[PDB]
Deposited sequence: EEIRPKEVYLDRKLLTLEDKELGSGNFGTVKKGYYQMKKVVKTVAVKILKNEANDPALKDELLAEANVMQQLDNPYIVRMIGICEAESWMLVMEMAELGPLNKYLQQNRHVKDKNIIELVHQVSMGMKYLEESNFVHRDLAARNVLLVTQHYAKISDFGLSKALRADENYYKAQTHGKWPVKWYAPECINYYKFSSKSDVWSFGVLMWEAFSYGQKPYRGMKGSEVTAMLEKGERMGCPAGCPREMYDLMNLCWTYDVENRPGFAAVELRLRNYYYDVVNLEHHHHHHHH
């Protein structure tokens, strides 16, 4: 719990959504000030914010957004370290000449953050390019832990009882079972989005039409300019059977090796 008197909010919002707003601010530390991004709410939303903060407080990795704390003031607030360049999909939409090697670098960083999340037995459950934030053009962090779950000690998945279904694996849709392997499927969609410079996946399609396409064995095509090896990796992430899909250790290693080849 942070001290509201140490927090300075800017008046104009960075962004807005059904949760509320995101604002830039400053948090006074022992000497330095820290630039922060602040998620500001507005029964259930408050509980969801506290749960989101509880997940983030347990994570400690360079490729994951760091929480500073929560502040209960004029509204409920989640205060995070600022990633100044914002969401990856919007950045790539606005910066269409980012080089392929740079895209590989960023998606590999996401795969390092996810390898850590997997090792930590958390499932993200909303891994999409809008939930990757850029610190610099060469440094990506995973954000947006509002759907994330800490797995039980005795289970390798979370069983659920509006979903981002274009990012969800078949077992999520058909059995409501969310595992790190389900996050690998979403990571394949994220890769497709990144190599498509922030285009929406399954353009023009309803959720039921996506389910029907995937059940036919069909997958999105290779983005313009995307290396064959990276499209091959997207397709391995989109392995239908969860038991035969790779985990993030295998995915990160493939990306790491390909990146250092291109380098």
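Engineer: What ranges of the deposited sequence are left out of this structure?
Structural biologist: No C-alpha coordinates exist for 1 to 8, 51 to 55, 175 to 177, 280 to 290.
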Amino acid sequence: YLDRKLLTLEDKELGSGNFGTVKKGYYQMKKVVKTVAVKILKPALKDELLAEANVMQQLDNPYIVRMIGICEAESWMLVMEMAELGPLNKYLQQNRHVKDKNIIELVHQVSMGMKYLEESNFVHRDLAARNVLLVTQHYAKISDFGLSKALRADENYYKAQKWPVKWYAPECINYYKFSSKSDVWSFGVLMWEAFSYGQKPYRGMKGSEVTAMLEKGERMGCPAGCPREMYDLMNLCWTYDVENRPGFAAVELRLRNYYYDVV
From here on, numbers count along this sequence of modelled residues.
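Engineer: In at least a third of the other compared PDB entries, does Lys34 have no coordinates?
Structural biologist: No, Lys34 is modelled in every other compared entry.
Engineer: Mean CA temperature factor from the deposited coordinates, higher in 5 to 13 or in 21 to 29?
Structural biologist: It is 5 to 13.
Engineer: Tell me which stretch has the larger mean Cα B-factor in this entry, 185 to 193 or 112 to 120.
Structural biologist: Comparing averages over the C-alpha atoms only gives 112 to 120.
Engineer: Which of these has the highest Cα B-factor in the record: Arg152, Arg130, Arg96, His138?
Structural biologist: Comparing C-alpha B-factors across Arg152, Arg130, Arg96, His138, the maximum falls on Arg96.
Engineer: Which is it among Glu171, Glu105, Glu72, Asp144: the one with the largest CA B-factor in the entry?
Structural biologist: Highest C-alpha B-factor among the listed residues goes to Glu72.
Engineer: Lowest, middle or highest third: where is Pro43 by Cα B-factor in its chain?
Structural biologist: Within its chain, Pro43 is a highest-third residue by C-alpha B-factor, going by the deposited values.
Engineer: Within this chain, which third does the Cα B-factor at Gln58 fall in: lowest, middle or highest?
Structural biologist: CA B-factor rank for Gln58: highest third.
Engineer: Where does the C-alpha B-factor of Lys166 rank in its chain, lowest, middle or highest third?
Structural biologist: Middle third, going by the recorded CA B-factors of the chain.
Engineer: Thinking about Cα B factors across the chain, which third does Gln199 belong to?
Structural biologist: For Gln199, the deposited C-alpha B-factor lands in the middle third.
Engineer: Looking at the C-alpha B-factor of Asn156, is it in the lowest, middle or highest third of its chain?
Structural biologist: Its C-alpha B-factor belongs to the highest third of this chain's values.
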